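Protein chains: 2
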Amino acid sequence: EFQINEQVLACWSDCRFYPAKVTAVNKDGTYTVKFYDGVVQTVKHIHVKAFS
Amino acid sequence: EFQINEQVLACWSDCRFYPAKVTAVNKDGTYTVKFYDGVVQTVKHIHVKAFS
Numbered sequence: 086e087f088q089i090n091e092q093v094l095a096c097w098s099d100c101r102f103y104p105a106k107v108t109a110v111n112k113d114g115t116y117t118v119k120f121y122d123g124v125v126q127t128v129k130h131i132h133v134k135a136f137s
Numbered sequence: 086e087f088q089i090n091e092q093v094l095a096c097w098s099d100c101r102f103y104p105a106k107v108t109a110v111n112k113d114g115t116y117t118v119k120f121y122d123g124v125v126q127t128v129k130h131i132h133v134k135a136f137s
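Protein sequences, first through last, are from chains A and A'. A prime marks a further copy of an entry chain. Going by the authors' numbering, the first residue of the first sequence is number 86, and it counts up by one from there. Going by the authors' numbering, the first residue of the second sequence is number 86, and it counts up by one from there.
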């Protein structure tokens, strides 16, 4: 699992991945993440990738 | 623009496209669409593709 303040690739509405910061790790297996533009999204662990 | 009851490809949380039925065309340039499994989503016109 990725941890708070870590960056990941998260999927946006255009079906592309962009870097997002993990702002919360939830016990249900989701993350809250925030894109560079400040847009927040809740996503399942399986739907984010490592950002390197 | 796609019309009601037409099928399109719409993006889901796994960053893949799947066929969805248009159930409403909104004046703000979005569609309500429904995937085969009955999951409903509102999406911008620019974020769906033709399904053929």
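Note that the Cβ used here is the ideal one computed from N, Cα and C, for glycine as well.
Amino acids of chain A, ordered along the chain, whose beta-carbon sits closer than 8 Å to that of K129 (chain A'): The CB of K129 (chain A') comes closer than 8 Å to the CB of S98 in chain A, given here in chain order.
Beta-carbon proximity of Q88 (chain A') to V110 (chain A'), cut-off 9 Å: Yes.
CB contact check: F136 (chain A) to chain A', cutoff 9 Å: Closer than 9 Å: no.
Counterpart residues of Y103 (chain A) in DSSP-defined beta bridges: Per the DSSP secondary-structure output, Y103 (chain A) pairs in a beta bridge with A:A95.
Any chain A' beta carbon closer than 9 Å to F87 (chain A): Interface flag for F87 (chain A) against chain A' is unset, since no Cβ pair is found closer than 9 Å.
Assigned exposure category for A105 (chain A') - 16 Cβ within 10 Å defines buried: With 16 or more neighbouring CB atoms inside 10 Å of its own CB, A105 (chain A') falls in the buried class.
Of the listed residues A:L94, A:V125, A:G123, nearest to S137 (chain A) (C-alpha basis): Selected option, being the one with the closest Cα: A:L94.
For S98 (chain A') and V128 (chain A), believed in contact at Cβ under 8 Å, the rounded distance: That pair is a contact at about 7 Å.
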